[PDB]
Amino acid sequence: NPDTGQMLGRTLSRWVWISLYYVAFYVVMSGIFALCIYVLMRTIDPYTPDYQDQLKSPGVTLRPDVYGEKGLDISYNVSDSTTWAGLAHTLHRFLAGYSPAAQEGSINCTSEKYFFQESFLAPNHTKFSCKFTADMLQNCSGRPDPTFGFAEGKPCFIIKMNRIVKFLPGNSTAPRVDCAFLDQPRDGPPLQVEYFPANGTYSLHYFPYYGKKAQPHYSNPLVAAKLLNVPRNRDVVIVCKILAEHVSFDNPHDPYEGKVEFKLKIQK
Amino acid sequence: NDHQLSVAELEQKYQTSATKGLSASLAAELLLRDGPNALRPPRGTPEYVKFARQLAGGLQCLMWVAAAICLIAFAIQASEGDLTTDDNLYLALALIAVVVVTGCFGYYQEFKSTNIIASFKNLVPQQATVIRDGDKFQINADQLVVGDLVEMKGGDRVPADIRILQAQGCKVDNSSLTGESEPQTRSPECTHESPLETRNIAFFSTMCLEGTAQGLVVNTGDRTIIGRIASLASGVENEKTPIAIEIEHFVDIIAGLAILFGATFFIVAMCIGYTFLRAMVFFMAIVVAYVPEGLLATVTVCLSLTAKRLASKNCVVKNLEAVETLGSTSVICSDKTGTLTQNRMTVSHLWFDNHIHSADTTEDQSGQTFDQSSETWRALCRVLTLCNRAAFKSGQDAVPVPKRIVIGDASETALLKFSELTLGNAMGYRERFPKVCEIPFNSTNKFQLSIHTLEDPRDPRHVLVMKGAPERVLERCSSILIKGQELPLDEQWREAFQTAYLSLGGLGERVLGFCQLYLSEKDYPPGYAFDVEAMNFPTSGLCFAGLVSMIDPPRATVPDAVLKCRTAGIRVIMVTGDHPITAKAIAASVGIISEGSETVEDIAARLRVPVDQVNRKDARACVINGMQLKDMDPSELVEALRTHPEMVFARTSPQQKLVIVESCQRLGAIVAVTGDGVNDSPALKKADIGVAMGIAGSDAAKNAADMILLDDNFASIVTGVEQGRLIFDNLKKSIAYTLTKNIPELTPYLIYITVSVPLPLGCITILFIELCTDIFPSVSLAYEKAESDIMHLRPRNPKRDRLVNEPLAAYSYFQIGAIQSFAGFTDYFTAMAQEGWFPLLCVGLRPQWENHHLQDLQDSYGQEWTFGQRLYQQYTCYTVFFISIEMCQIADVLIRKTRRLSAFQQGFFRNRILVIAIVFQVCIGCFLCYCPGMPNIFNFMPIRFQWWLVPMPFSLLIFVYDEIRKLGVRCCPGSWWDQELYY
Ligand SMILES: CCCCCCCC/C=C/CCCCCCCC(=O)OC[C@H](COP(=O)(O)OCC[N+](C)(C)C)OC(=O)CCCCCCC/C=C/CCCCCCCC
Ligand SMILES: CCCCCCCC/C=C\CCCCCCCC(=O)OC[C@H](COP(=O)(O)OCC[N+](C)(C)C)OC(=O)CCCCCCC/C=C/CCCCCCCC
Ligand SMILES: CCCCCCCC/C=C\CCCCCCCC(=O)OC[C@H](COP(=O)(O)OCC[N+](C)(C)C)OC(=O)CCCCCCC/C=C\CCCCCCCC
Ligand SMILES: CCCCCCCC/C=C\CCCCCCCC(=O)O[C@H](COC(=O)CCCCCCC/C=C/CCCCCCCC)COP(=O)(O)OCC[N+](C)(C)C
Ligand SMILES: CC(C)CCC[C@@H](C)[C@H]1CC[C@H]2[C@@H]3CC=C4C[C@@H](O)CC[C@]4(C)[C@H]3CC[C@]12C
Ligand SMILES: CC(C)CCC[C@@H](C)[C@H]1CC[C@H]2[C@@H]3CC=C4C[C@@H](O)CC[C@]4(C)[C@H]3CC[C@]12C
Ligand SMILES: CNCC1=CC=C(OCC2=C(OCc3ccccc3)C=CCC2)CC1
Ligand SMILES: *[C@@H]1O[C@H](CO)[C@@H](O)[C@H](O)[C@H]1NC(C)=O
Ligand SMILES: *[C@@H]1O[C@H](CO)[C@@H](O)[C@H](O)[C@H]1NC(C)=O
Ligand SMILES: *[C@@H]1O[C@H](CO)[C@@H](O)[C@H](O)[C@H]1NC(C)=O
Ligand SMILES: [Mg+2]
């Protein structure tokens with residue numbers, strides 16, 4: 001089939017024309033595709049997504065995040081500092097973005113209700129964002145305890161709610177974190193948690209979130225849950241859910257929607 | 001051999017006697033050396049073997065290889081802790097299931113065809129008659145041994161191959177074993193050199209029509225002529241069908257493209273930074289992706305629909321691949337006796353009133369009748385009606401006269417049926433003229449005579465009717481009846497009679513002379529003592545009434561079928577075991593030899609030159625008999641076939657029929673063979689398509705054939721040719737439609753691997769596209785009408801016109817499929833960006849997107865997403881890509897209705913099956929999108945309405961582009977556009 005006069009059943013001149021035809025066809029098709037993408041991006045709104053079909057209730061994440069086989073799994077040894085050194089280092093890295101130096105781009109908020117901004121009055125055509133510093137987490141903030149309670153068997157877990165543009169948790173009361181055992185160890189009591197900030201709430205002036213273009217300095221409000229009666233040398237499952245009117249935690253196809261569930265083991 | 005052997009040289013070879021016969025002990029001990037006198041049953045394929053063969057084929061093997069590659073890739077991925085390994089299992093299961101279900105469908109088609117064919121297979125044990133040690137006792141035919149002395153009488157099957165020792169008026173029906181349409185006289189004198197044409201050999205399978213005979217068993221079981229034909233047919237190998245060859249070529253194209261794309265993107269993956277194992281898995285995925293899952297089912301369903309359409313015309317195929325061979329056929333090698341003709345002697349021509357008349361020979365009387373308004377005709381009708389001893393069976397009024405059954409001679413049967421058709425109530429007319437004397441057709445007199453009494457009670461004369469050979473009635477018959485007058489012979493009427501007899505004999509017909517004599521009452525008063533042994537009545541000085549000739553005539557639809565086949569560009573060759581004169585006359589009658597075409601003998605006779613002095617290229621027709629065919633080598637046979645367009649082979653043995661078929665096939669032609677007898681079973685097996693008559697066909701012929709004509713209608717051949725051409729074109733369209741959607745199924749995976757965007761299209765939705773939503777639209781293209789006069793085109797060139805070729809593949813894959821991929825990706829990016837994921841962020845997003853440990857991945861607006869939410873968004877991408885492919889496939893099915901004509905000319909809605917299939921496709925798309933539970937069952941999402949609208953301009957672009965391409969093809973035939981852009 002490959003021959004000098006006819007190269008795979010087609011002369012060299014005819015190959016040129018057929019290749020030119022295909023090049024022109026694909027150039028035109030690529031131009032149409034690029035024009036379609038350009039039109040789409042010019043109809044896209046810079047600040048608000050067109051639809052939030054997959055974002056009905058926010059997800060909930062936990063720090064420090066260590067994943068085992070089926071999900072979050074934290075296990076360490078009080079007698080061995082190398083078991084929780086990495087956990088405390090992860091917490092320190094996470095709270096690095098919550099120092100006042102990191103928060104200089106946000107403002108003080110004392111409203112305790114929705115920060116409803118209809119105009120752009122922060123600099124560079126921007127909306128204001130409230131400060132969350134790693135001092136509102138008091139004891140679990142990393143000072144004066146750089147171990148976050150891990151050394152003394154009372155670890156602090158930071159619970160963060162996923163941010164959704166214009167989502168409102170509910171203004172009857174501030175959304176609140178509640179942590180408990182999944183199936184309580186029948187030989188012990190219910191989980192004793194004590195939270196930072198007090199009552200484990202996210203202040204309502206961190207909502208609504210207006211997106212990263214309108215609020216480039218926005219920081220998710222944090223709640224630290226210090227567990228005080230976790231049994232030692234035993235596997236426990238902890239579920240931390242968000243108590244808000246517009247937050248749901250009952251989706252069986254997304255275990256992080258509205259709550260966070262982790263396994264915990266503290267050995268001695 | 002045994003025919004060329006005296007009884008003295010016999011009777012010692014077989015240790016028998018010509019009268020005493022074999023001893024009862026020698027026969028019993030010879031039945032041990034040689035088995036029972038029966039043919040060996042065929043090999044016999046078990047049903048599981050038949051099903052396993054259905055499970056094979058080019059496309060089936062490609063799918064088996066694809067499933068094996070899927071499983072190997074699954075093992076490789078499982079040796080790496082991969083997650084999305086269920087896709088490999090789903091693909092392998094889908095491929096295996098499609099192969100198995102298609103094999104079950106094909107096996108069921110074979111089983112049903114076998115049931116219908118065997119339904120008309122008649123079964124009955126057979127007896128014989130043997131004289132051992134003097135005792136003439138009746139025995140089963142299978143206890144016969146070589147050397148046995150048997151007796152045959154009219155109506156009995158010949159019990160074995162027999163050298164005739166004594167015979168009295170014995171005639172045999174050899175039309176199934178040989179091509180001889182006329183009954184053959186059997187006499188103990190060795191006439192011809194070969195045993196197949198001698199008169200002292202009777203054959204195992206044949207009928208003794210009349211008389212009695214006695215002879216010696218010379219062959220038994222599988223050593224008989226029919227047994228040796230069965231052995232020859234068993235050694236003939238069944239070659240591949242043209243459609244199977246086309247499918248194999250298309251499989252080669254698929255494999256080449258798959259390997260090319262896989263290697264290219266394996267190199268790309270290696271250069272991008274993928275590990276060698278990952279790049280190999282990518283190569284395997286691409287190779288598997290190029291294999292279409294539903295195409296085997298689509299092709300099988302289209303072939304089955306064509307088979308159903310053919311069966312609606314009493315044309316049953318034994319395999320689904322046989323429905324296209326007639327459309328691809330360029331040469332039809334046809335049998336004469338019983339295939340082109342009715343295998344029944346009927347009255348064809350009459351010479352009375354100095355004019356040759358032509359009778360209606362069609363079995364349904366759909367032809368023209370000669371002028372019956374005369375007095376010579378009435379006299380001839382009376383003579384032929386009264387001088388006949390044949391009689392119809394009692395209880396026959398529904399059956400037409402040609403297909404009734406009568407007890408008597410073949411010639412007497414033809415005369416009786418002719419009388420019943422013309423005069424009507426032949427038996428009643430004959431009984432209304434009482435017969436007082438008669439003389440049977442003895443060999444010495446060579447005529448039949450009878451004296452009757454007239455029907456009116458006032459005419460006391462006696463009418464003497466005599467029928468016999470022309471040059472035995474002409475020695476008598478001093479007078480001749482012309483226009484009712486009794487003009488005498490002036491040697492001019494003798495010249496006219498000789499000319500008419502010579503012409504009728506040269507027409508391959510058997511002529512009979514008829515005459516009457518009105519005996520005077522004065523010399524022969526009523527009550528005259530007529531003595532057959534005294535010759536007291538006048539046997540000379542008769543009045544010749546006319547000449548009647550008989551032939552085995554063609555079937556009613558055969559001439560038109562032959563003309564249509566030749567119009568379609570198919571060469572028709574007659575190959576018969578019958579005599580050359582009859583073969584040539586029938587070939588002229590049916591149109592195999594055209595009007596005005598001559599042989600070299602004809603040209604020599606016209607030019608008064610010797611046969612060796614005529615240019616062979618001047619003769620369009622040719623008649624080659626078997627002895628000449630023996631001497632010719634393949635080179636001379638090829639030269640003769642390529643020199644004479646209208647070829648007739650006469651006195652052809654089954655081996656020589658096989659040789660002719662092999663020569664035609666070796667010249668590169670796809671050859672169809674039509675036959676009914678055992679003598680064309682090897683040729684039917686060797687043919688690309690073998691067609692056997694359902695009613696007239698022998699069991700061996702029907703077993704050898706791929707096609708059975710249940711009603712023995714030859715026009716079903718032209719129906720099959722048209723259906724085969726139509727199915728070829730519609731299969732081309734359906735395969736183009738099926739192949740188009742493969743590229744939009746594969747390009748999302750290529751972009752997923754190379755650009756690392758979240759997976760735009762999943763395995764489950766790909767399987768739904770392949771096996772649920774597009775199978776019905778692809779099948780509906782089998783109902784497309786022809787775009788031109790398909791019956792006036794020439795047969796396709798098998799080496800140049802492939803079912804799937806480069807223009808079709810290139811178009812379907814890289815133009816329409818490219819447009820479909822662009823539509824799918826436009827919809828994908830629209831759905832992504834409107835949910836918060838801009839295209840630039842989508843680029844390179846796959847690791848984070850699929851990371852199960854990332855539950856707050858940020859989108860373009862800074863919103864944080866869990867893995868489950870991202871997975872539901874991915875299912876939305878699946879659904880929008882699926883719907884884009886669906887809409888573009890609606891446009892594709894619209895554009896594949898025609899290859900040259902516009903949709904505005906062929907008709908948008910004239911294919912109601914196609915319209916219903918489009919509605920069905922849309923309905924299933926809607927059901928999959930919007931049925932509750934679909935997101936978690938099949939990963940289909942209830943997409944917003946604008947996701948439906950985005951691919952619609954691309955579908956319209958597909959339609960407009962195809963319309964413009966076909967307009968350019970129509971307006972500029974032979975241009976660069978036609979050569980490159982037409983498929
Ligand atoms: C073409 C004519 C017929 C000729 C071929 C006949 C057989 C065709 C069938 C092929 C399928 C192969 C057999 C089934 C193989 C898969 C079995 C299976 O286990 O599958 C399950 C999946 C969905 O599982 P899940 O997510 O619920 O499991 C969740 C479990 N976890 C969590 C592990 C994911 O199901 C799926 O893959 C669905 C895959 C899509 C294919 C389904 C079959 C659709 C065929 C329709 C043809 C109808 C006739 C043609 C049209 C009529 C007009 C002519
Ligand atoms: C064999 C032939 C193959 C042909 C392949 C396709 C060739 C063309 C591919 C890329 C060319 C660029 C097309 C996109 C550019 C559109 C024009 C444009 O200027 O748009 C602007 C955007 C950036 O806007 P922004 O988001 O910053 O604005 C935000 C605005 N506010 C803030 C208001 C919301 O620029 C962009 O998006 C650039 C996006 C670049 C990456 C796109 C994703 C790559 C995926 C490609 C898959 C395509 C498969 C094709 C299958 C063919 C099979 C034969
Ligand atoms: C061309 C026409 C073909 C017609 C086929 C024959 C007729 C059968 C069709 C329908 C009969 C069943 C109808 C559905 C049952 C009632 C509806 C229901 O019970 O809804 C309860 C809800 C539905 O959830 P949702 O709508 O909010 O969506 C979930 C959204 N996401 C993302 C958030 C999780 O809770 C749930 O999810 C649980 C729902 C569980 C699944 C329901 C059973 C139907 C699914 C499969 C049956 C077989 C279909 C496939 C047949 C072979 C292939 C063609
Ligand atoms: C050819 C003859 C065809 C006859 C009709 C075929 C069957 C149609 C029957 C029912 C379909 C309508 C009912 C289901 C949709 C509403 C359910 C729903 O709720 O869908 C909602 C969206 O709906 C809409 O935007 C508008 C409703 C209609 C959409 C298009 C319907 C498809 C129609 C196609 C016809 C195209 C004809 C032209 C092309 C062919 C030319 C030859 C889904 O909710 P979402 O996405 O907001 O949730 C997001 C939240 N997440 C994801 C968590 C669940
Ligand atoms: C996309 C890039 C990397 C592909 C490589 C460039 C070259 C090799 C491509 C570009 C255009 C292509 C040609 C386009 C048109 C045809 C006509 C078709 O009937 C056979 C393939 C053929 C002849 C292609 C061969 C390969 C080709 C010449
Ligand atoms: C140059 C830009 C616009 C892209 C390329 C356009 C292509 C599709 C056009 C431009 C020039 C055109 C070619 C010009 C020359 C010939 C040779 C002639 O006998 C047939 C048409 C043919 C074969 C044309 C085919 C199509 C063609 C190659
Ligand atoms: C006739 N077209 C059918 C197909 C078109 C496109 C295909 O992409 C491959 C693909 C996947 O590969 C998985 C796979 C890997 C290795 C071997 C076989 C299969 C996975 C998800 C989506 C797509 C597969 C099948
Ligand atoms: C780790 O915990 C175990 C009990 O599970 C304890 O015996 C050990 O002392 C601890 N680590 C060390 C090395 O101190
Ligand atoms: C915000 O308010 C607190 C309490 O009034 C104050 O101590 C702090 O200085 C303010 N923010 C700054 C400037 O860090
Ligand atoms: C938090 O720290 C204070 C001292 O600053 C202490 O009194 C209090 O008990 C601590 N609470 C817990 C549970 O750590
Ligand atoms: Mg025959």
# chains A, B, ... in the order shown; residues from 1 in each chain; ligands from 1
$ residues_near_ligand --ligand "ligand 1" --cutoff "8 Å" --atoms "only C-alpha atoms and all ligand atoms" --output "ChimeraX atom specification"
/B:86,89-91,93-102,294,297-298,301,763-768,770-773,775-776,779,936-939
$ write_last_selection --atoms "N, CA and C atoms" --output "compact mmCIF listing (two decimals), in the first residue's frame"
# COMPACT_ATOMS: atom_id res chain seq x y z
N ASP B 86 -14.86 -0.98 38.87
CA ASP B 86 -16.13 -1.57 38.47
C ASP B 86 -16.46 -1.29 37.02
N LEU B 89 -15.31 -4.27 34.91
CA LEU B 89 -16.22 -5.41 35.05
C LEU B 89 -17.52 -5.16 34.30
N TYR B 90 -18.06 -3.94 34.39
CA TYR B 90 -19.29 -3.62 33.67
C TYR B 90 -19.09 -3.75 32.16
N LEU B 91 -17.97 -3.24 31.64
CA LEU B 91 -17.71 -3.32 30.21
C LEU B 91 -17.54 -4.76 29.75
N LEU B 93 -18.72 -7.48 31.19
CA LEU B 93 -20.02 -8.14 31.27
C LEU B 93 -20.91 -7.74 30.11
N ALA B 94 -20.92 -6.45 29.76
CA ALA B 94 -21.75 -5.99 28.66
C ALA B 94 -21.33 -6.62 27.34
N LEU B 95 -20.02 -6.66 27.08
CA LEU B 95 -19.53 -7.26 25.84
C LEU B 95 -19.89 -8.74 25.77
N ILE B 96 -19.64 -9.48 26.86
CA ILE B 96 -19.92 -10.91 26.87
C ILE B 96 -21.42 -11.15 26.71
N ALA B 97 -22.25 -10.35 27.38
CA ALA B 97 -23.69 -10.53 27.30
C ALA B 97 -24.21 -10.25 25.90
N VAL B 98 -23.70 -9.20 25.25
CA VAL B 98 -24.13 -8.93 23.88
C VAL B 98 -23.75 -10.07 22.96
N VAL B 99 -22.52 -10.59 23.10
CA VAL B 99 -22.09 -11.71 22.27
C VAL B 99 -22.99 -12.92 22.50
N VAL B 100 -23.28 -13.23 23.76
CA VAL B 100 -24.06 -14.42 24.09
C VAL B 100 -25.50 -14.29 23.58
N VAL B 101 -26.12 -13.12 23.79
CA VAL B 101 -27.50 -12.94 23.37
C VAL B 101 -27.62 -12.95 21.85
N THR B 102 -26.66 -12.33 21.16
CA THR B 102 -26.66 -12.37 19.70
C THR B 102 -26.47 -13.79 19.19
N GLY B 294 -22.86 -2.33 20.92
CA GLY B 294 -24.15 -2.65 20.35
C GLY B 294 -24.18 -2.94 18.86
N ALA B 297 -25.33 -6.54 17.86
CA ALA B 297 -26.77 -6.69 17.98
C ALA B 297 -27.51 -5.95 16.87
N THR B 298 -27.05 -4.74 16.53
CA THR B 298 -27.70 -3.98 15.47
C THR B 298 -27.62 -4.71 14.13
N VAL B 301 -29.91 -7.79 14.18
CA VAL B 301 -31.33 -7.45 14.08
C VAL B 301 -31.68 -7.02 12.66
N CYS B 763 -18.85 5.30 32.71
CA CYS B 763 -18.99 4.00 32.04
C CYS B 763 -20.45 3.57 31.95
N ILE B 764 -21.23 3.79 33.01
CA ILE B 764 -22.62 3.37 33.01
C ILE B 764 -23.42 4.14 31.97
N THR B 765 -23.22 5.46 31.89
CA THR B 765 -23.94 6.23 30.88
C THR B 765 -23.47 5.89 29.48
N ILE B 766 -22.18 5.57 29.31
CA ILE B 766 -21.72 5.09 28.01
C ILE B 766 -22.43 3.80 27.64
N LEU B 767 -22.57 2.88 28.59
CA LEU B 767 -23.27 1.63 28.33
C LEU B 767 -24.73 1.88 27.97
N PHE B 768 -25.36 2.84 28.64
CA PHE B 768 -26.74 3.18 28.31
C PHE B 768 -26.85 3.71 26.88
N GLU B 770 -24.80 2.99 24.44
CA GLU B 770 -24.46 1.91 23.51
C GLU B 770 -25.60 0.91 23.35
N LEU B 771 -26.25 0.54 24.45
CA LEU B 771 -27.14 -0.62 24.43
C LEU B 771 -28.62 -0.29 24.61
N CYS B 772 -28.98 0.94 24.98
CA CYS B 772 -30.37 1.23 25.27
C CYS B 772 -30.97 2.28 24.35
N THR B 773 -30.29 3.40 24.14
CA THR B 773 -30.92 4.54 23.50
C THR B 773 -30.68 4.61 22.00
N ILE B 775 -29.75 1.73 19.91
CA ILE B 775 -29.96 0.48 19.18
C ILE B 775 -31.20 0.58 18.30
N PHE B 776 -32.31 1.07 18.85
CA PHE B 776 -33.53 1.21 18.07
C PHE B 776 -33.38 2.18 16.91
N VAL B 779 -31.29 0.42 14.25
CA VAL B 779 -32.05 -0.64 13.59
C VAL B 779 -33.07 -0.06 12.62
N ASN B 936 -28.66 7.78 42.25
CA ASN B 936 -27.95 6.77 43.02
C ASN B 936 -27.99 5.39 42.39
N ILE B 937 -28.84 5.17 41.38
CA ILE B 937 -28.87 3.88 40.71
C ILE B 937 -27.97 3.91 39.48
N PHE B 938 -28.26 4.80 38.53
CA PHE B 938 -27.54 4.85 37.27
C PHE B 938 -26.74 6.13 37.09
N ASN B 939 -26.68 6.98 38.12
CA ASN B 939 -25.90 8.22 38.10
C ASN B 939 -26.38 9.19 37.01
$ residues_near_ligand --ligand "ligand 8" --cutoff "12 Å" --atoms "only C-alpha atoms and all ligand atoms" --output "JSON, numbers by chain"
{"A": [75, 76, 77, 78, 79, 80, 81, 82, 83, 84, 232, 233, 234, 235, 265, 266, 267, 268]}
$ atom_distance --atom1 "atom CA of residue B:35" --atom2 "atom CA of residue B:223"
10.8 Å
$ residues_around --residues "residue B:256" --least-positions-apart "4" --cutoff "12 Å" --atoms "only C-alpha atoms" --output "MDAnalysis selection string"
chainID B and resid 62 249:252 260:263 287 290:291 809
$ write_last_selection --atoms "C-alpha atoms" --output "PDB file, in the first residue's frame"
ATOM      1  CA  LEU B  62     -13.026  -8.627  18.700  1.00  0.00           C
ATOM      2  CA  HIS B 249     -12.448  -6.101   7.028  1.00  0.00           C
ATOM      3  CA  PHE B 250     -14.364  -3.629   9.195  1.00  0.00           C
ATOM      4  CA  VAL B 251     -13.009  -5.362  12.313  1.00  0.00           C
ATOM      5  CA  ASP B 252      -9.500  -4.942  10.887  1.00  0.00           C
ATOM      6  CA  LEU B 260      -2.981   3.701  16.524  1.00  0.00           C
ATOM      7  CA  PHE B 261      -4.914   5.835  19.021  1.00  0.00           C
ATOM      8  CA  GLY B 262      -3.825   3.692  21.961  1.00  0.00           C
ATOM      9  CA  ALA B 263      -0.142   3.893  21.058  1.00  0.00           C
ATOM     10  CA  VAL B 287      -8.330   0.022  22.640  1.00  0.00           C
ATOM     11  CA  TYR B 290     -12.835   1.717  20.111  1.00  0.00           C
ATOM     12  CA  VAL B 291     -14.864  -1.541  20.163  1.00  0.00           C
ATOM     13  CA  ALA B 809     -14.901   5.734   8.772  1.00  0.00           C
TER      14      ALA B 809
END
$ residues_around --residues "residue B:522" --least-positions-apart "5" --cutoff "12 Å" --atoms "only C-alpha atoms" --output "VMD selection string"
chain B and resid 460 to 462 528
$ write_last_selection --atoms "C-alpha atoms" --output "PDB file, in the first residue's frame"
ATOM      1  CA  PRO B 460     -73.486 -45.398 -37.445  1.00  0.00           C
ATOM      2  CA  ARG B 461     -69.859 -44.946 -38.537  1.00  0.00           C
ATOM      3  CA  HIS B 462     -66.826 -46.075 -36.549  1.00  0.00           C
ATOM      4  CA  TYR B 528     -68.492 -55.570 -36.223  1.00  0.00           C
TER       5      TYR B 528
END
